[PDB]
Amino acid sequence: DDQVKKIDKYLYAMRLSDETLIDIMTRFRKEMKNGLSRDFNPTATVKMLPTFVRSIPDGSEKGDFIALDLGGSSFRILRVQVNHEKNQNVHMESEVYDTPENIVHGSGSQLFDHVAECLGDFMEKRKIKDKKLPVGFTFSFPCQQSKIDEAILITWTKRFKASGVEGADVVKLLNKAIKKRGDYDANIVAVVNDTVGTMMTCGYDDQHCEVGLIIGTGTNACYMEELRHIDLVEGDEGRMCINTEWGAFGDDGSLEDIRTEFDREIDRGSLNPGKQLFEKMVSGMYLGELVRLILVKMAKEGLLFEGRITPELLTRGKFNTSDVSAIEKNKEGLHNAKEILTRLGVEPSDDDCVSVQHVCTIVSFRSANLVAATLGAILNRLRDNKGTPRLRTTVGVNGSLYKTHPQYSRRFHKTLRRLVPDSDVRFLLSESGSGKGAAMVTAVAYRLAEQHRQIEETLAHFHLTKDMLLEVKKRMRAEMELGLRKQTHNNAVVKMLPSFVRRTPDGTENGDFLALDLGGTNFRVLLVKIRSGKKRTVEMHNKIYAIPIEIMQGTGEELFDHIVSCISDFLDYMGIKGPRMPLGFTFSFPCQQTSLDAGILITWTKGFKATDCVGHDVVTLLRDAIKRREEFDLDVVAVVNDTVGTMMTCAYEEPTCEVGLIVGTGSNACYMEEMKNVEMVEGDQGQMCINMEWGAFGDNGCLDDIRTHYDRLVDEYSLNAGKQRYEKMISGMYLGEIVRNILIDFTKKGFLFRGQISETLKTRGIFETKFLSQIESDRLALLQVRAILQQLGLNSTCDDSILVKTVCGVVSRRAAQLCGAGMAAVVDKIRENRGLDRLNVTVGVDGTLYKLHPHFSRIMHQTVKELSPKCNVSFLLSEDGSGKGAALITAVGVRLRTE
């Protein structure tokens, strides 16, 4: 019996006590938490990689799929089919392809060309190249994943070392490999670890399976973790499968007290020195060589074959894990030991066979015990996660060692069940490998990819290319010409209305003025005091006055009676009732003007429809309401569009400013034009500011080209169907409605909100400028987004929130680009007007969407820079409102009136 008690003492370090295993396990429980923490992950050796599989197959899976399986004993390509509706039970065929060492060690090219070729063949035989079969990929190395169809190889393991793969995406790599062939089309939809594939395969038959275990060439386990623990994945919704990659357990020295001189020597001879140190004590790629190392040591010390030592005993790999298994068998154990050893050249005695067989025991008993240590850890995590006093789950298993060895399973289970007695675990041996599980994943992944494809399809219609934007710019410029020219003005949609403001502030404006600001979100009355000279100053006051639902769509008399009523109040407020003051009237709707102080409303826009206004001179309507009340007198000197008011406001301090842009409730622009071009106003000397009224761009159909189903819905249900189409794709009053309509469509499609169209979602105006601005804010956690949506009344999940955010960004991005194309046309015409090669001009901007939105202005400026590269445009934000500029314009009105 010394033959055994002696070995026992020698390989003493490789016989771990329950005491020790307990510590190993405790240490893995820590390594798991560290690997899950957003803070500790970057340092952790156990990556706890997220796999993006949300749960085991439920049975709803159906279709036809192709599965790949690389990285294991052999490169396997399967085919799985299922359709319970048509009562078609799971069916599958599979084949194996040869993979010579040279390819496994060559460049990724040689390799992924090889896989693509074996796939080309596999489909050529069954004649399925023409069928749009979804491919699933079982790739069994640690991988960086942000989506199920992305796999960035973190590092080769086992027997693979292929150049130019680590850090790359094997999906794109495989794809490219195929492409080169042109032999077939292949839709790689998913990539899973064999651990994950194995958990899925068993989960399919056992609804309790929460773990995926592999003990073959390599070792590694996956399990079902709570999202509220995967710090590295935005979400708390249910669970997800974590690929622990425990092979690398201890690559940081955490297990140096467990590793022996033998582990260190096998390491120094390994393909991946320093890495996968836990695995190197476990999987079947190493066990055989470990034994051979121990046997070489003993032999060198005479403990075996006297001390005869052959060159074959010193040769790397002469001693397989096959031999380890064969030697461990109960009947032919020693018979085989003798044979295997005789082939080695040594002179195997019957005693030698018995010693060698015991070594094999020690080495294999250890591996099995280690896996029991770590797997025990996982189960401890599960029992904890839940909170139940006991644990009852199923563990899927696979791999050559576990399947072929005649003592491993038995031993492993026993040690495991012992370590965690509070568990009723059931081991289930995968019989299809990963195929079934893989395909069960490819099925869900494809399902999800189809929705996505459709989402992208619809959203793609909102994408505009450099060229399409150049066209829009070109169409804008053509429309501008049409509006300026007397022969075409009547049919032009872009009216190019003269404002009768001939120059920007000349610094002689002086006096006290009243002003109205009507048409934007806030109607207000203002008092503006301007003092010129050495020390020039501006002093303003204002008061917002609400305009009731009724009054805003009521009779004209009511509207202006209200306005004047508000003027009265403000005069009291300022303590200036009495004197007859001059008044600048900022009225933000298209007006036909014959002079600065006359403006005839052409049409209501935005939210206003007051009866008996269109066709009248708004300055007259105002004077009437003034005489009607009869309290006080005013001298209405001017009527100004907010674009022009804005340009003048900014021109005050910025003499380079000659353009006015509004992007708020509505959208519109103005700029300084040459009188010779304004064919609608007699005289070709000097300049005049032109209120473009560009919102009506597209009203003659010139944009049907890029308007979508959702744009037409918004237009069709608006107060002014058919009009202001350009504006309706840009401004805050409308952007939300576009988004809303898209979301309704997506919900009916079943993409959103579990397919339930909320009563809220049917409320128009739900997505205000404010909401859209908040939703699109940067680095804004999904949790906050979802919070905002629930605030509106929208019951939504993380996925919903993501989709909504995407949608808002697509709509607002397009708004900024279209706005940019118009402005690009404008500044470019100015450049040509001055006959310049380069032009520096500044735009005065205002509007709630422009001020609040986190991307609009940025993307807008970008677009203008790219579309009019011969112009350097500066956008200046107006902080005072239009009042200043209106006052400044009223000052000139007075001098020319008092002229």
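Residue numbers here begin at 1 and follow the sequence given.
A.B. asks: Mean Cα B factor from the PDB record: higher for 236 to 244, or higher for 713 to 721?
C.D. replies: Taking the mean C-alpha B-factor of 236 to 244 and of 713 to 721, the larger value falls to 236 to 244.
A.B. asks: Of the two stretches 845 to 853 and 54 to 62, which shows the higher Cα B-factor on average in the entry?
C.D. replies: Taking the mean B-factor of the alpha carbons in each, 54 to 62 is higher.
A.B. asks: What's the residue among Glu727, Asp745, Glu117, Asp642 with the greatest CA temperature factor in the PDB record?
C.D. replies: Largest recorded C-alpha B-factor: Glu117.
A.B. asks: Report the option among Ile766, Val90, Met496, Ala190 whose CA atom has the maximum B-factor in the deposited record.
C.D. replies: That would be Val90, according to the entry.
A.B. asks: Split the chain's modelled residues into thirds by Cα B-factor; is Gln790 in the lowest, middle or highest one?
C.D. replies: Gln790: CA B-factor falls in the middle third of its chain.
A.B. asks: Lowest, middle or highest third of the chain for the C-alpha temperature factor of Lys529?
C.D. replies: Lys529: CA B-factor falls in the middle third of its chain.
A.B. asks: Please say which third, lowest, middle or highest, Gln687 falls into when its CA temperature factor is compared across its chain.
C.D. replies: Its C-alpha B-factor belongs to the middle third of this chain's values.
A.B. asks: State the tercile, meaning the lowest, middle or highest third, of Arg831 with respect to the CA B-factors recorded for its chain.
C.D. replies: For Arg831, whose C-alpha B-factor we compare with every modelled residue in the chain, the answer is the middle third.
A.B. asks: What third of its chain's C-alpha B-factors does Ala186 belong to: lowest, middle or highest?
C.D. replies: Highest third of the chain for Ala186's C-alpha B-factor.
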